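Got a structure for you, questions after.
Chain lettering (A, B, C, D, E and F) follows the sequence in which the chains are written, and residue indices restart at 1 in each chain.
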């Protein structure tokens, strides 16, 4: 309910700090093209139910738009617009040629079936094919969406445009023309960011104590990368608890025994709750778990020098203020979790070029982009006495506002 | 259950004489229930007639009173009827030809849809009938108006339900659930070659019959050489 | 505030009377494509203000969409959608290949200047050029809009498409390729409808007593047409009062003295208020003036056998019920005021064909269409025991629903 | 098996009689664009079966191509090409701007279901959307095809092209934008042709004895039109027999009692076989029934002065020769059964213009076209001592060959 | 006559070994779009002869299609389809974004003249311009085709599309935007493959005995590359015989004296026939000459450890079986002769990017692609106990089938 | 949908028909759900349903191609769990127990967090 107002307020703060007039705020508060469509669908029983669609292009002054698609049964226009603005901020921070956007459908993948999902996606594309194209829009994977849906969308856009357009949609399967490393992008991004933050703060990465709560694919890949680099992991947690060992935890063995879900806790052994896990001694803390964990009570108990919010807004304003007062570096989530967007951009570039890179090349390009962006934001945040979240928002809005001013819409 | 006697004494004479063949020395064979030889369900059902309180009316001489018009489709609002009670197919005879049956099946008009239900079973007659009811009610919910009970696509593992029993069960279920007026039950069963079988099917619910087996038999005989008359005329 | 809900309720009533399932209602309750855009504009002083635009396509199953554009400072999304549905109902009633739609801009033509209006319209077209074209949309004149704005819109669409498209937009000036009789279309439509209603009810048009309150262009042309036909006018009213003469009023002299505004009342002579004018004896009454005039108090005082609502909903539900009980024929406004839409359609056909008809041909075609539509609706309303408003809504929705069913969206 | 060779031979004969070089024959023997496609389809059980498609454009020098679509399980490339050439001959004879073509799918509508047919047609259009468009191709109804399939095809082409194209496909439902009289076109064509033939041969239509064997829609409408005109019908036949009455048969009563199938024979009354029906005395005979009926045995028994082959090749070469020797006018089927093509062309013109004509206008235009074509072919066939079939083929090929020569492909 | 059946059988074998259902075989047995066209042409004498064209797109699920064009007077539909499938297999093996295809014209370049060939090619493009474009098709050089024909085709497609499209067609002249090394691509590919095969089998390339029968451009460049690398050549043959020297043959001198045809044999010196040449001692044998050379009789006489079939199917099934039993590595021709396709792909990428690489960059990229492909196929062929031909076919079909499954055509 | 109206034999046969149709289509995971259960449709005993499905699959030689996941409300004891695993269930989702814990936590008892519980 408050997501749109919060986004507008933070955008207003960033614009005020920049010093641009109010015309840029007036233009950027609201997405420039919101479309609501109704998608007919045929169920297995033969009955027809109508799903409500959505699509929002926050801005396209920079160039082609981009956004994900969530099959979340509570998706609404306010959430869609807020997510479009958020994606635009991500693109601005990473310095991509994207403007920003988001789509969604009001449905329930749980009760929905396989062929019915196929037909739903196909009807969605038939509905919104007019305002979507290689130079106008670019769907991407998101909540309740993955490679099969990407492939169906690609196949249908090929059918409707009568010519192959692999670069039309990102996140495709490898055989269809996908990009390698699509699953470890977030882990690689957070690895680069933690490395650079440690370098800037003087904390030696060699022997650095690390805690990774939340052991999904992101946590597993981050732990593996930290172990490869040299830093020791002194804590892991998952849905079934956690562990603790000041002198390493055999990340190789943990990954070898890693199951489908990433659960690692023993059966007949006591576990440590995340609340006490946060308090354990460590140099860097990486909350990548349920949101609203760092608050006033645990702000005084946190001990890590560097906190990276790989998740979406795991902290709160009070916790951010307390950490800033304590002089604990806080990495914004907008920069922490941009690996997915960066790898999607690389996939789009590969499709457009028609030639596919390799894992090493993707690694090098991704790390270069991440280090450059992090260095720029760190320099700006130290030049101006502000919080890193404010610096991230300000940097993200700078490119969009300046491009709009050049293009003369204002 | 065809027989060479049945063919040569009931099918060719119909074409030759333009009428059902005659006889004498009425049946003395034991009832189907007592007969050891396997018998179809039709033999168990005996026709009826009027003795007192009403006369048996004549047909050939009193043709003006008869009426063989049959309506296929779904009836509309009886109490306030307007044009949708009559937006229906109407036939002149209950029986159908192969071309007519194919035309009815191929009709794709949205108001007059067509559905095909496989009237077959493996081990459990109750399961077969319940499954047939499920297909019927699903099709009605979808919005069909014509049902096709077909015995085709029948192999050594799937055997046919007695068509009279299947039609009676479907009709009773539809009447009980209050959806008979929304559908039209067409029947395509091989065991339909006597006027007795035909009359039983119409009386117990069948909207039309397509004796595809009899038509194929006539095709085979004409190909062989007997019954020189043309196929369409036959 | 209640316009959208009222439109939905009447659509639901019409669909229920038809007997179609609820899927058609679910699809038709809401327009299928609503676009909100922001139009940059440069003022005379050099400052830039951003105007909010709108555009709605209620349905396009039948074919290309159509709708007007109002520069009304209180235009909102609810009103735009309601007007789109209303225009779709008009098109369905008249049996046109249009689906329906509406556009609008939040501005004030009063304080707006000439060049600023030019720039505003041009920015509007540059904004919504993507989803607008000869086979997709067709703007038309409406409130605070006229031939100059139509011409600017045509010129710009020619510029953007690089080829002349006179049929892109209707209501153009005569020299640009307009259609003759664009100003008397409503008068001609009401003339045909009154003639046919009198014929059906047995009232002889020759010597029929007529009252025309509201003496704008519609009233003036209607009075002239009635005088030419033979029917006598026994009452006229305008913003300054009215007159009364049971044996004619010299419509030729009244039109000769007609000023720019249509005011006709003398200076030093008493006038008759519309409230008492309504009560005057007459065969046919034609309220073409301020809305909400026929109500409970004057329902028992009305005396005309035929009432034609040339205006937009001049009556109310209570007045409609009282008139129906009294057995007074009530012409729906949807059919009474469709002359503008019909002449716009003829103009579009002329542009598409590339050959321009004449006044006589336009007259004949318009009267043929109007008489056919009126006869069809009258027959249906007598076949089904309902009010003529319900018959109009039902007939209008029939074509749209049936076309959707054919196209298989449901 | 011999259809293609027979078509090539008749084309060669016509070209030889014209006197054009062999280059035109070389170009016209074979269609210029034959496409074979495979259409994926999903069945109710979930299994996927692949249907083989077809499409042939015999020529497009005149302008846009046209052709039907048959869901006949034995459709093959040879038959498709032969039908394309035959349709081109029809178009040339009627003097339309069409070139000719034909499509088809290898399937079985009998075992196919409703939703499965919907998906089949939709996949067919998605397959062949590239080479099909308003200025390239125009599907039309044919064997195992009707208004619902036309509507689905129209809906999908609207979806793929993103704009309404009612003129893309003919034979649509009335509400979707169809043309009136789509069912009586063949009857009207044969009525005009019989009238003109009687006028030319001097047989008075008033009181003319007529026999109509085959009482489908064509036979019923032809009988009704003959009765309205004045000619008496002295014979009707159907799948259940026929009748005979030298002094009329009460066509009004027969049509009133007409059932869905058109069966009219009594129950307890003997009927007349078509073999003896052909021999009955009559001025005009109209075989519109099973093919291969007029042969050597009944050639000497036929007595009608005018024979119209409303069906497709009901006669044979020997019967044609015998009738020509006996000096019995023989109307070619190509001209007899062109009413469907003519009404489809009128429907396409109406859609392209965006304005819909009426029954009277369609009647007048169709009769004008038919009388002009029949007069032209009759004049040419009397100028050159040949059979009317040869004259029809020659006239049809003339336009195509001459247009190709102008366009310079040869 | 048996080419299509053989292709279908090998595809069926590969699909069976993969284990996919029969639907993929049903879809892939036949090309999805075969077009037959007739091309008018004007000769020098002024007479007009009609040439029959062809074009086949085996599949386009991966992306844009590709294929050569042969002016072979015996080109037929069966051969065209077989070559399309073969090219698709090549693309799948090399892991390119191409699907596969082939075109051809029935003509005789021998009796055809220069301007007449120009007009023929131009008419061919005017004929098939509809289904050919940058995202739909990409012609390439082939039998009886070269840079001049490529340039004419490019010029005409530029004319018809009204904008420059250098990437439309590959194999263009250097000045027009061609790629360097277009002539040594096959030699470079075979050089990489022989190097990798020797490395895998343990045969040291330094001092390796090599025989190269067939001394065209491929043989000459291969000999030069082998000499540069270090391996000694102990045999060469051409149309006029061969030579033999166990301790080198001065490849530098042979290339210096190389004539236009590549003939190198002396005049007054006896030569060695290829039959006895095959039997000479050597580590690697490279038959790049007339097909059907390795058979049962010489299978027991062959002595090379590695045999590379640079030509098209120089061996037979019996010879392949005998070599496999003898444990002699046999390089499939599909992988041996893919250098041309790879360099054409690089040329297309260069044109699309608008920037031209250099010889060193082309060298590096080509060797990387070739080594990766060869390593992958070798690993798969050792994982599964099969012949390398079967492994090549299986790998090639894997990508196409899997992409089709993703796109959902099945 | 593991539910029945009057005939348990009909319900089990229908469930077998859905299973075999899904296997023919190519599925690998089956979800036996007791949800969407109203006054007219009652649930088969989950143990009986799972045993019947497992025996039918074993007899027809398709068990290796599928995986039977079970979602039944009546699964809260280790005895019930062990019975289900022993007789075929691949996994259990005690949604009813989870909802009960949600209700108790909302009320106030069992102060521990929902995820930890």
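Basically, a contact is a pair of C-beta atoms (placed from the backbone, for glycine too) under 8 Å apart; a residue touches a chain by one contact, two chains touch by 3 or more.
The chain lineup, named per UniProt: A, C, D, E = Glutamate dehydrogenase.
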{"item": "Chain pair among A-E, A-D or A-C whose interface repeats that of C-D, sharing over half of the contact pairs by residue number", "value": "A-E"}
{"item": "Centrality ranking, top chain (CA atoms only)", "value": "D"}
{"item": "Contact-richer chain pair [B-D vs B-F]", "value": "B-D"}
{"item": "Inter-centroid spacing, subunit B versus subunit A (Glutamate dehydrogenase) (mean Cα positions, whole Å)", "value": "66"}
{"item": "Between subunit F and subunit A (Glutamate dehydrogenase), distance of the C-alpha-averaged centres to the nearest whole Å", "value": "36"}
{"item": "Between subunit F and subunit D (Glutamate dehydrogenase), distance of the C-alpha-averaged centres to the nearest whole Å", "value": "61"}
{"item": "Averaged-CA centre spacing for the pair subunit E (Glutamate dehydrogenase) and subunit D (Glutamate dehydrogenase), given as whole angstrom", "value": "51"}
{"item": "Sites on subunit E (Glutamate dehydrogenase) at which at least two other chains make contact", "value": "408-409"}
{"item": "Junction residues of subunit F, two or more chains touched", "value": "none"}
{"item": "Parts of subunit A (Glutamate dehydrogenase) lying in touch with subunit E (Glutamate dehydrogenase), wherever the complex brings them together", "value": "118, 148, 151-152, 154-155, 158, 162-166, 172-173, 175-177, 353-355"}
{"item": "Sites on subunit F touched by subunit A (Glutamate dehydrogenase) in the complex", "value": "115-116"}
{"item": "Subunit D (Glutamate dehydrogenase)-facing residues of subunit B, complex", "value": "18, 59-60, 63, 66, 68-69, 89-93, 97, 99-100, 102, 105-106, 108-110, 113-116, 232-233"}
{"item": "In the complex, subunit F residues that touch subunit D (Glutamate dehydrogenase)", "value": "21, 24-25"}
{"item": "Subunit A (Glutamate dehydrogenase) residues touching subunit F - in the complex, by the definition given at the top", "value": "239, 273, 290"}
